[PDB]
């Protein structure tokens, strides 16, 4: 079926050139396009394990069987002579710019995926437009280009995580001989925010420049897909116009949920507001129990905040629950209070946010524990981190025919195509995909390659590694222990585990047997590593590399015959020997 790949490639590509590596006439075309700064994909049949079939099938479109053959938007343009002619006649610019639509690609959403897809697309000649609009939060918070991660996600989250960790670094420096009294050091929230925001500001700027430098049109406008090839844009001045595109990528991401209770929208905040908050939250109630709730509670606590987490049911639903308990136990043991089995009922305002002195308001939270007791406590800030939801009624008219799941996420095929053929969805809105920035980036860039460069490589959403940046980080790749057990049976699952202690925690006099790691393996598949789990410092760095081995089908034996790097936390994976079925202690 090489025929069909060529049909799809030639159709969607904006400017593509078929060629061979060592080719006299092809290089004559390349040199011309370069001089005229005409960006284009290039397929080297020379370097393809089926290029002979392609070069012939190519005559289905060109009537010709020789390279170089140049195409513009499903349309053959000519051999060497015909191109050199267009150029010499100064008509080559107009030939490559012909198009039914204003753009080869319109990306609705200027975040991790949208920017990645849009930047990669222009690399291969796609006349591309990126649309981004940040609907303000209920209290007015807004921000610039870059998406959730850049502005109110991974980036500020980790920076404030890092500011938190330095709390422990300041405590440790004493044991390591530095002459500072941890007791006499405070943290200024505003100084931290100003630095975080300065860096986000440079990222906002950097993306705008990246789009300008790649001839990508950046529109700060709310995009609405009204027909498969028509996008309606409302700009800052409420001016409505319409633009057309061949391919459409939906990448509008999500936004925080608010529980439907009185005072929540009016008096509480979310992650969207926290990372630029002009005042220190103060005594803070985080409502929620997944990774945003615990990350935010973690660094607020480490930055000297009185922090409470309200847990309806469990921590980190969908994560390995043994790890989640270990995560929570560390936070409980380092300040964060947990109001277990507890749901809010209303948020009464007691003080308005003092905009003068940048100080938080004051709130009364009325709730109830599940055992009947009434929760009634005062907090200066209440943060909802109870989930995130797509906002696609604002992006689609169901007129168009983009099928959404029950959760409002776009239903796609394994190539991110929607039920409308020219329309794709990447990132958080793509149903059932892990909602992570590098996933959105990869999906976007790989999708861009298939459309405008004839690539075939799909994105592999399996065994995507992750790290919860709680005070004690938790990295994972693969199945939770309970999922593997459920998927294959207790009897087919062996679990190697060990506690460990960072060497840095020895002189610092931090805890024995708190850090912990485990490999979840399948006995009947050569002890294949199904899931990897590490609770410890720098769990992100630890886990990443193993995600390569796991994608390759790593077994327990592949870990054992690797030699550790000493001294590191990560090396504990190369010497795991205690199993769970044996009952021996992982200490």
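Whichever C-alpha set is largest while still superposing within 1.5 Å between the two forms counts as the rigid core. Positions refer to the first chain, counted from 1.
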- Query: Which is farther from the shown form in 8 other deposited structures of this protein in C-alpha RMS with the core fitted, 178 to 186 or 114 to 122?
  - Reply: 178 to 186
- Item | Which of 390 to 398 and 347 to 355 strays further in 8 other deposited structures of this protein - Cα RMS after rigid core alignment | 390 to 398
- Query: Of the two stretches 9 to 17 and 564 to 572, which shows the higher Cα B-factor on average in the entry?
  - Reply: 9 to 17
- Message: I need to verify one thing: averaged over C-alpha atoms only, is the B-factor higher for 299 to 307 or for 371 to 379?
- Response: 371 to 379
- For the listed 391, 276, 498, 198, which has the peak Cα B-factor recorded in the PDB entry? 391
- Among 77, 287, 443, 316, which residue carries the highest C-alpha B-factor recorded in the PDB entry? 77
- Chain thirds of CA B-factor: placement of residue 35: highest
- Item | Chain-wide C-alpha B factor ranking for residue 541, given as lowest, middle or highest third | lowest
- Mind checking which third residue 522 falls in for C-alpha B-factor across the chain? middle
- Item | Third of chain Cα B-factors occupied by residue 114 | lowest
- Divide the modelled residues of the chain into thirds by Cα B-factor and specify which third, lowest, middle or highest, holds residue 529. middle
